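Take a look at the structure set out below.
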There are 2 protein chains.
Amino acid sequence: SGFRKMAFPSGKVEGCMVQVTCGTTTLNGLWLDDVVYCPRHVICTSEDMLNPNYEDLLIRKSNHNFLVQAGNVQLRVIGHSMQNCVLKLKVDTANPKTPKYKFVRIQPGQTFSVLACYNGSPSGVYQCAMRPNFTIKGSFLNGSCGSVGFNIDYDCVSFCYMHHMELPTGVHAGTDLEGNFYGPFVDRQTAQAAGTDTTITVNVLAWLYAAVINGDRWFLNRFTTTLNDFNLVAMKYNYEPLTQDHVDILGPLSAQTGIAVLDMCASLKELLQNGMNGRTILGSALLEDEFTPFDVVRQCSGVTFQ
Amino acid sequence: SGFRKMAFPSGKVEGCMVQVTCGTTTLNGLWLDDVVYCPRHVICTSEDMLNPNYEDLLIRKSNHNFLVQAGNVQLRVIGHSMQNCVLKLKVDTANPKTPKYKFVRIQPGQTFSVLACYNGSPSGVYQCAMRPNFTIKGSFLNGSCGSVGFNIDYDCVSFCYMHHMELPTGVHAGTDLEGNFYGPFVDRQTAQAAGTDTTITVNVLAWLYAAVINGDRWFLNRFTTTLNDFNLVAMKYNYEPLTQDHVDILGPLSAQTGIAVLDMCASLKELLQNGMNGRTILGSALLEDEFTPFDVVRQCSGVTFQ
């Protein structure tokens, strides 16, 4: 028992990481079959990032001006296609290490593991959540553009994220692996307004189920409520609106614990209004929102991979 | 920027995990060169775990009663040596996937990554700290005995932990890879008293340096103090005694921030006594103690591996 922010094993992802260079500018790429995906800002200089024209810049550029080290193995580029904000570099060799994969585009509120890389060399792995405003609150230093986010399904790697930029607010934005940004962001150096952030209510209710399962009872109440009523309280506390599709998804945990979603909302409602007052829930003194119900299910009931 | 509980890439460790079976009882092993290390409680039944005699039990047992799947590859055992609380099973094949490794024995207060496995299949990876009382507060379900903890040094994997048991208190105990338990614990089913736990002061002071680096200033104070004086306050709050060897180790962060250890203790001292009062430090409302100074240095200044 116990309960921790667990991340997926990174084995299958570490051997798709390579190093991309072009002019001075160097960052990370992802190698899968004969192709290297990377952020197209790679073609840009410090001066270019202010008001860059990708076409006019991309056109002074042909294959033999793109380095692609893969440790010490040297890939050679024969072709180069811009696809939205990613760049697809085609290469002579194909990755022996290519997992059974797929690109996907996730929704605000879902969780993935992030593999932070510098010079195509992996340095660490953490779990984080796409916030409602389409930013992530991660850990990225200068050089980390091209690091990726992923979920694992027994054998299959879903790629859901590629890191493109830090904002002036010190949060992170980026694209899917088709190159379409998450949120209203562009790959350009200017003040980009984010959006009001919100607490992910479906994930917080999952977090409280994890707590009961693990012996954390004290916050369970003798009261109760309805949906439309609870949302009202969730309005003035900047929680997201809970719906029917979230009562459905949370059903299995209701079945295990034997506590109906709405008897659980009644506990939370009380928590928003009266706070925690010197009290912890799984050694945390605020309401954790980065565990989907799917995450809690697979950590409280063990799961094979690979 | 930003700051997260980061864990080491697990690639190098996932391909040493195998599945060990013996009677009914099945758990995880670690395969390195020609040897499989595992917990010796593998030879025990549910009834045996109450008052087990390892000798008399080990002696009814020879090689051909030890299964060792490595996915679907079948290892055959030719020999079997008990070494303290681990068991060393020798096998016909040698691991092509064996990293440049070494066993070590760490100290209370140091951090490692844990790779939780079921049936020799990796399921997730988290960062945690050996507590002063030699327990870890991890995430382990039935079947997770034999999962390991590790640090990575560019190319080299240090193995520092093998999971042996959960206590009635729902915390975890286990051994080094030579088979000597951490703490006063035995591999037997009885009430085992742990010990008073303590906050790791050197790691908390590191955590506050990480915060200043990242824009978290508010808690920096106009006051100050000496060592012997601070410890006094740290007594009545169940913090560990800070020493000279901890001012030494913390020196580099003092050099970066330009805040002398003792000007930092003066901030903490105040925090213990007056609390946080509705206030967060890197989105946390209590004093985090699971980041060594070494961890903060390598997350706030990026590090290549492999």
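Numbering starts fresh at 1 for the residues of each chain in the structure tokens, the chains themselves are lettered A, B, ... in the order given, and ligands are numbered from 1 as they appear.
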
Quiz item: Mind checking DSSP for segment 44-190 of chain A and telling me the helix (DSSP H, G or I) residues as a PyMOL selection string?
Solution: chain A and resi 48-50+54-59+63-65

Self-check item: Residues near residue 218 of chain B, cut-off 10 Å, only C-alpha atoms, skip fewer than 4 positions along chain, as a ChimeraX atom specification
Solution: /B:212,267,279,281

Go through chain B and flag each residue having an atom no more than 6 Å from chain A; for those, report the closest pair of atoms plus their distance in Å to one decimal, using only C-alpha atoms, ordered by chain and rising number, as CSV.
```
residue,atom,partner,partner_atom,distance
B:1,CA,A:140,CA,5.3
B:2,CA,A:139,CA,4.8
B:3,CA,A:139,CA,5.1
B:6,CA,A:126,CA,5.1
B:7,CA,A:125,CA,5.3
B:8,CA,A:124,CA,4.7
B:9,CA,A:124,CA,5.3
B:10,CA,A:10,CA,5.6
B:11,CA,A:11,CA,3.5
B:121,CA,A:304,CA,5.5
B:123,CA,A:304,CA,5.6
B:124,CA,A:8,CA,4.7
B:125,CA,A:7,CA,5.3
B:126,CA,A:6,CA,5.1
B:138,CA,A:2,CA,5.9
B:139,CA,A:2,CA,4.8
B:140,CA,A:1,CA,5.3
B:141,CA,A:1,CA,5.6
B:285,CA,A:285,CA,5.8
B:303,CA,A:123,CA,5.8
B:304,CA,A:121,CA,5.5
B:305,CA,A:123,CA,5.9
```

Store the residues picked out above, limited to N, CA, C and O atoms, as a CSV table (one decimal), in the first residue's frame.
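So the final result, stored in result_28.csv, reads:
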```csv
chain,number,residue,atom,x,y,z
B,1,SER,N,12.6,26.3,-16.4
B,1,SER,CA,12.5,26.4,-15.0
B,1,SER,C,11.4,25.6,-14.5
B,1,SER,O,11.0,24.6,-15.2
B,2,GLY,N,10.8,25.9,-13.3
B,2,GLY,CA,9.9,25.1,-12.5
B,2,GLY,C,10.7,24.1,-11.8
B,2,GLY,O,11.9,24.1,-11.8
B,3,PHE,N,10.0,23.1,-11.0
B,3,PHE,CA,10.7,22.2,-10.1
B,3,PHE,C,9.7,21.0,-9.7
B,3,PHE,O,8.7,21.3,-9.1
B,6,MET,N,11.6,14.6,-9.7
B,6,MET,CA,12.1,13.8,-10.9
B,6,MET,C,12.8,12.5,-10.4
B,6,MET,O,13.4,12.5,-9.4
B,7,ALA,N,12.6,11.5,-11.2
B,7,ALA,CA,13.2,10.1,-11.0
B,7,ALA,C,14.1,9.9,-12.1
B,7,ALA,O,14.0,10.5,-13.1
B,8,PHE,N,15.1,8.9,-12.0
B,8,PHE,CA,16.1,8.6,-13.0
B,8,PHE,C,15.4,7.8,-14.1
B,8,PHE,O,14.4,7.1,-13.9
B,9,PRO,N,15.9,7.9,-15.4
B,9,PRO,CA,15.4,7.0,-16.5
B,9,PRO,C,15.7,5.6,-16.0
B,9,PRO,O,16.7,5.3,-15.4
B,10,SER,N,14.7,4.7,-16.3
B,10,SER,CA,14.6,3.3,-15.8
B,10,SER,C,15.1,2.4,-16.9
B,10,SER,O,15.0,1.2,-16.7
B,11,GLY,N,15.5,2.9,-18.1
B,11,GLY,CA,15.8,2.0,-19.3
B,11,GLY,C,16.7,0.8,-18.8
B,11,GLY,O,16.3,-0.3,-18.9
B,121,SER,N,7.9,-7.8,-14.6
B,121,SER,CA,7.4,-6.7,-15.6
B,121,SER,C,7.3,-5.4,-14.9
B,121,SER,O,6.6,-5.2,-13.9
B,123,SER,N,6.1,-1.7,-13.9
B,123,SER,CA,4.8,-1.0,-13.9
B,123,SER,C,4.9,0.5,-13.6
B,123,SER,O,3.9,1.2,-14.1
B,124,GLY,N,5.9,1.0,-12.9
B,124,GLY,CA,6.1,2.4,-12.7
B,124,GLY,C,7.4,2.8,-11.9
B,124,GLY,O,8.0,1.9,-11.4
B,125,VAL,N,7.7,4.0,-11.8
B,125,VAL,CA,9.0,4.6,-11.3
B,125,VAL,C,8.8,5.9,-10.5
B,125,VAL,O,8.2,6.8,-11.0
B,126,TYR,N,9.2,5.9,-9.2
B,126,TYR,CA,9.1,7.2,-8.4
B,126,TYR,C,10.4,7.4,-7.7
B,126,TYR,O,11.2,6.5,-7.5
B,138,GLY,N,6.8,4.2,0.5
B,138,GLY,CA,6.7,4.0,-1.0
B,138,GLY,C,5.2,3.6,-1.4
B,138,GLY,O,4.3,3.8,-0.6
B,139,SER,N,5.1,2.9,-2.6
B,139,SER,CA,3.9,2.4,-3.2
B,139,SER,C,4.2,0.9,-3.7
B,139,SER,O,4.9,0.8,-4.7
B,140,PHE,N,3.8,-0.1,-2.9
B,140,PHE,CA,4.0,-1.5,-3.2
B,140,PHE,C,2.7,-2.3,-2.9
B,140,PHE,O,2.2,-2.1,-1.8
B,141,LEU,N,2.3,-3.1,-3.9
B,141,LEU,CA,1.1,-4.0,-3.7
B,141,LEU,C,1.7,-5.4,-3.5
B,141,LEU,O,2.9,-5.7,-3.7
B,285,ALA,N,2.4,23.2,0.8
B,285,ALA,CA,2.0,23.9,2.0
B,285,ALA,C,2.6,23.1,3.2
B,285,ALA,O,2.1,23.3,4.3
B,303,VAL,N,21.7,17.7,-16.7
B,303,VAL,CA,22.7,16.5,-16.6
B,303,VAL,C,22.4,15.5,-17.6
B,303,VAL,O,21.3,14.9,-17.6
B,304,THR,N,23.4,15.2,-18.4
B,304,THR,CA,23.4,14.1,-19.4
B,304,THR,C,23.6,12.7,-18.7
B,304,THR,O,24.3,12.8,-17.6
B,305,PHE,N,23.1,11.6,-19.2
B,305,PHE,CA,23.3,10.2,-18.7
B,305,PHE,C,23.6,9.3,-19.9
B,305,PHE,O,23.9,9.7,-21.0
```

Using only C-alpha atoms, which protein or nucleic acid residues come within 12 Å of residue 58 of chain A? Drop anything in the same chain fewer than 5 positions from it, and give the result as an mmCIF file with C-alpha atoms, in the first residue's frame.
```
data_model
loop_
_atom_site.group_PDB
_atom_site.id
_atom_site.type_symbol
_atom_site.label_atom_id
_atom_site.label_comp_id
_atom_site.auth_asym_id
_atom_site.auth_seq_id
_atom_site.Cartn_x
_atom_site.Cartn_y
_atom_site.Cartn_z
ATOM 1 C CA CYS A 22 21.341 23.172 -37.507
ATOM 2 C CA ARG A 40 11.021 23.639 -36.321
ATOM 3 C CA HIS A 41 12.338 26.612 -34.231
ATOM 4 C CA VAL A 42 15.669 24.616 -34.653
ATOM 5 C CA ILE A 43 16.331 26.559 -37.943
ATOM 6 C CA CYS A 44 16.019 29.892 -35.974
ATOM 7 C CA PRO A 52 10.354 34.569 -37.617
ATOM 8 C CA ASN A 53 9.120 33.687 -41.180
ATOM 9 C CA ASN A 63 19.440 18.301 -45.794
ATOM 10 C CA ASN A 65 22.942 21.476 -43.001
ATOM 11 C CA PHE A 66 21.107 19.272 -40.399
ATOM 12 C CA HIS A 80 13.136 17.607 -44.954
ATOM 13 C CA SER A 81 9.337 18.366 -44.704
ATOM 14 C CA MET A 82 7.783 21.150 -42.498
ATOM 15 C CA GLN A 83 4.397 19.924 -41.093
ATOM 16 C CA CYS A 85 5.253 23.609 -36.044
ATOM 17 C CA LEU A 87 9.750 19.312 -38.833
#
```

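In this model, the gap between atom CA of residue 134 of chain B and atom CA of residue 232 of chain B comes to 24.2 Å.
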
Practice problem: Using DSSP on the backbone coordinates, identify all residues within segment 18-242 of chain B classified as strand (DSSP E); present the result as JSON, numbers by chain. | Solution: {"B": [18, 19, 20, 21, 26, 27, 28, 29, 30, 31, 32, 35, 36, 37, 38, 39, 67, 68, 69, 70, 73, 74, 81, 82, 83, 86, 87, 88, 89, 90, 101, 102, 103, 111, 112, 113, 114, 115, 116, 117, 118, 121, 122, 123, 124, 125, 126, 127, 128, 129, 148, 149, 150, 151, 152, 153, 156, 157, 158, 159, 160, 161, 162, 163, 164, 165, 166, 172, 173, 174, 175]}

Write out, as a PDB file, in the first residue's frame, the residues just selected, with C-alpha atoms.
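Written file, out15.pdb:
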```pdb
ATOM      1  CA  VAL B  18      13.006 -11.250 -14.272  1.00  0.00           C
ATOM      2  CA  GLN B  19      10.256 -13.384 -12.574  1.00  0.00           C
ATOM      3  CA  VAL B  20      11.195 -15.987  -9.842  1.00  0.00           C
ATOM      4  CA  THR B  21       8.882 -18.872  -8.721  1.00  0.00           C
ATOM      5  CA  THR B  26       6.390 -16.061  -6.981  1.00  0.00           C
ATOM      6  CA  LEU B  27       8.073 -12.586  -6.877  1.00  0.00           C
ATOM      7  CA  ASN B  28      10.710 -10.399  -8.710  1.00  0.00           C
ATOM      8  CA  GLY B  29      14.473 -11.019  -9.209  1.00  0.00           C
ATOM      9  CA  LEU B  30      17.447  -9.008 -10.562  1.00  0.00           C
ATOM     10  CA  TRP B  31      19.593 -10.706 -13.308  1.00  0.00           C
ATOM     11  CA  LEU B  32      23.229  -9.462 -13.650  1.00  0.00           C
ATOM     12  CA  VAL B  35      23.229 -14.601 -11.229  1.00  0.00           C
ATOM     13  CA  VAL B  36      19.577 -13.838 -10.144  1.00  0.00           C
ATOM     14  CA  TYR B  37      19.318 -11.896  -6.790  1.00  0.00           C
ATOM     15  CA  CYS B  38      15.881 -12.159  -5.002  1.00  0.00           C
ATOM     16  CA  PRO B  39      14.368 -12.153  -1.466  1.00  0.00           C
ATOM     17  CA  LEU B  67      11.457 -21.323 -12.143  1.00  0.00           C
ATOM     18  CA  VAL B  68      13.110 -18.104 -13.600  1.00  0.00           C
ATOM     19  CA  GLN B  69      11.151 -16.699 -16.641  1.00  0.00           C
ATOM     20  CA  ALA B  70      12.786 -13.621 -18.328  1.00  0.00           C
ATOM     21  CA  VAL B  73      13.225 -16.880 -22.399  1.00  0.00           C
ATOM     22  CA  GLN B  74      13.526 -19.746 -19.756  1.00  0.00           C
ATOM     23  CA  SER B  81      23.589 -19.912  -2.491  1.00  0.00           C
ATOM     24  CA  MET B  82      21.850 -18.180   0.510  1.00  0.00           C
ATOM     25  CA  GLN B  83      23.777 -14.953   1.413  1.00  0.00           C
ATOM     26  CA  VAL B  86      18.996 -12.466  -0.320  1.00  0.00           C
ATOM     27  CA  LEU B  87      19.397 -15.676  -2.386  1.00  0.00           C
ATOM     28  CA  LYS B  88      21.941 -15.887  -5.323  1.00  0.00           C
ATOM     29  CA  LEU B  89      20.622 -18.302  -8.064  1.00  0.00           C
ATOM     30  CA  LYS B  90      23.372 -19.108 -10.704  1.00  0.00           C
ATOM     31  CA  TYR B 101      26.763  -1.644 -12.251  1.00  0.00           C
ATOM     32  CA  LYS B 102      27.733  -1.829  -8.575  1.00  0.00           C
ATOM     33  CA  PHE B 103      25.999  -2.614  -5.265  1.00  0.00           C
ATOM     34  CA  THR B 111      17.348   9.658  -2.263  1.00  0.00           C
ATOM     35  CA  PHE B 112      16.931   6.926  -4.971  1.00  0.00           C
ATOM     36  CA  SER B 113      14.470   6.022  -7.807  1.00  0.00           C
ATOM     37  CA  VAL B 114      12.298   2.857  -7.246  1.00  0.00           C
ATOM     38  CA  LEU B 115      11.135   0.644 -10.146  1.00  0.00           C
ATOM     39  CA  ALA B 116       7.930  -1.150  -8.865  1.00  0.00           C
ATOM     40  CA  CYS B 117       7.509  -4.527 -10.700  1.00  0.00           C
ATOM     41  CA  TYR B 118       4.946  -7.363 -10.703  1.00  0.00           C
ATOM     42  CA  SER B 121       7.387  -6.734 -15.594  1.00  0.00           C
ATOM     43  CA  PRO B 122       8.004  -3.029 -14.756  1.00  0.00           C
ATOM     44  CA  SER B 123       4.780  -1.036 -13.921  1.00  0.00           C
ATOM     45  CA  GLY B 124       6.140   2.423 -12.730  1.00  0.00           C
ATOM     46  CA  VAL B 125       9.023   4.570 -11.289  1.00  0.00           C
ATOM     47  CA  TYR B 126       9.055   7.158  -8.407  1.00  0.00           C
ATOM     48  CA  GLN B 127      11.672   9.103  -6.353  1.00  0.00           C
ATOM     49  CA  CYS B 128      11.779   8.485  -2.535  1.00  0.00           C
ATOM     50  CA  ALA B 129      14.084   8.950   0.502  1.00  0.00           C
ATOM     51  CA  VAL B 148      14.853  -2.472  -6.540  1.00  0.00           C
ATOM     52  CA  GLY B 149      16.067   1.098  -5.917  1.00  0.00           C
ATOM     53  CA  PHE B 150      18.960   2.688  -7.805  1.00  0.00           C
ATOM     54  CA  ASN B 151      20.842   5.948  -8.663  1.00  0.00           C
ATOM     55  CA  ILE B 152      22.479   6.517 -12.114  1.00  0.00           C
ATOM     56  CA  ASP B 153      26.020   8.021 -12.689  1.00  0.00           C
ATOM     57  CA  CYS B 156      26.988   3.434 -14.055  1.00  0.00           C
ATOM     58  CA  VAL B 157      23.904   2.004 -12.163  1.00  0.00           C
ATOM     59  CA  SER B 158      24.292   1.933  -8.329  1.00  0.00           C
ATOM     60  CA  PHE B 159      21.854  -0.685  -6.867  1.00  0.00           C
ATOM     61  CA  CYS B 160      21.015   0.516  -3.242  1.00  0.00           C
ATOM     62  CA  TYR B 161      17.663  -1.273  -2.344  1.00  0.00           C
ATOM     63  CA  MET B 162      15.612  -4.503  -2.773  1.00  0.00           C
ATOM     64  CA  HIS B 163      11.983  -4.532  -1.455  1.00  0.00           C
ATOM     65  CA  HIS B 164      11.365  -7.292   1.145  1.00  0.00           C
ATOM     66  CA  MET B 165       8.219  -6.419   3.269  1.00  0.00           C
ATOM     67  CA  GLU B 166       5.408  -3.980   4.266  1.00  0.00           C
ATOM     68  CA  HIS B 172       8.206  -0.488   3.656  1.00  0.00           C
ATOM     69  CA  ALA B 173      11.499  -2.123   4.807  1.00  0.00           C
ATOM     70  CA  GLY B 174      14.201  -3.993   2.825  1.00  0.00           C
ATOM     71  CA  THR B 175      17.908  -4.871   2.310  1.00  0.00           C
TER      72      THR B 175
END
```

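For the pair atom CA of residue 250 of chain B and atom CA of residue 276 of chain B, the interatomic distance is 23.7 Å.
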
Quiz prompt | Who sits within 12 Å of residue 269 of chain B, only C-alpha atoms, same chain under 3 positions skipped, as JSON, numbers by chain | solution = {"B": [201, 204, 205, 219, 220, 221, 223, 224, 225, 226, 227, 229, 230, 231, 232, 233, 234, 235, 236, 237, 239, 262, 263, 264, 265, 266, 272, 273, 274, 275, 276, 287]}
